[PDB]
């Protein structure tokens, strides 16, 4: 198309008048190059804020991707055009769009050292844990490119993300956790005392958070400072369903904490009968005795939970 190429060339050169005249004469605002480049791509690439706004007003696709997968936001970040980045976000640009190599706008900003653009992409929900085709994150690219201010900025964002996923698990919000998962969250990340989101989820009974994390790759046998597998914390609080899911995904029945207790101990200590039945079905060792020399039968009789001691002897 004749008018199309002229519009592309006008947006790149920064000729607002020609841009307006060509569109006034029927030039498609979303004209496509042979590589998929649109005039918005070239205006955002060149740093022409006025043209960018003009094109968007006339219906420019804010999320157009060329053959390599770059969007106007990729290009604005690639060249460090803060004002354009903001305008593209105001107009509904996908902050977490990925090009062919897995790079997102945050990757590019972190790679080229555009601190102010990093800050803005975060404020608008940029995925901090995204990994490109080469398994590198924006923080990895800041480190490899010697952008230390951005490195510290992104490291603190990962930490803040780590605490939110702990609260959202301790609170019980699936979709609120799921948005953090899609934001690049490390489900296997723990706090200072080795407590993961799967721990706090299995302990408080905010179910279904348990299933997603295990399907995401959360280590079922993650042990905290006290050697507690999430299966331990679920046995005490008395949440049946969670017990099956963990054992359903390779959890260990004979997992021993620092004290030497297994989920069968903690279920016989508390007084949750229906728990021990499930454990016994999975070869839960009734002979296992902790460092106190006590067996799950000893704790069943110490706390006087007779119904438990009875069934423990039938299976012993």
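Positions refer to the first chain, counted from 1.
A summary of the deposited B-factors shows that, of 192-200 and 234-242, the stretch with the larger mean C-alpha value is 234-242. The PDB entry records a higher mean C-alpha B factor for 300-308 than for its counterpart among 300-308 and 6-14. Within the listed group 177, 153, 121, 87, the record reports its top CA B-factor for 177. Highest CA B-factor among the listed residues (217, 125, 135, 80): 217. In the PDB entry, a CA B factor belonging to the highest third of its chain's modelled residues is recorded for residue 208. Sorting the modelled residues of the chain by their CA temperature factor places residue 281 in the highest third. The entry lists a Cα temperature factor for residue 248 that places it in the highest third of the chain's modelled residues. For residue 170, the recorded CA B-factor ranks within the highest third of the chain. Only modelled residues enter the ranking. When the CA B factors of the chain's modelled residues are split into thirds, the value for residue 105 lands in the lowest one.
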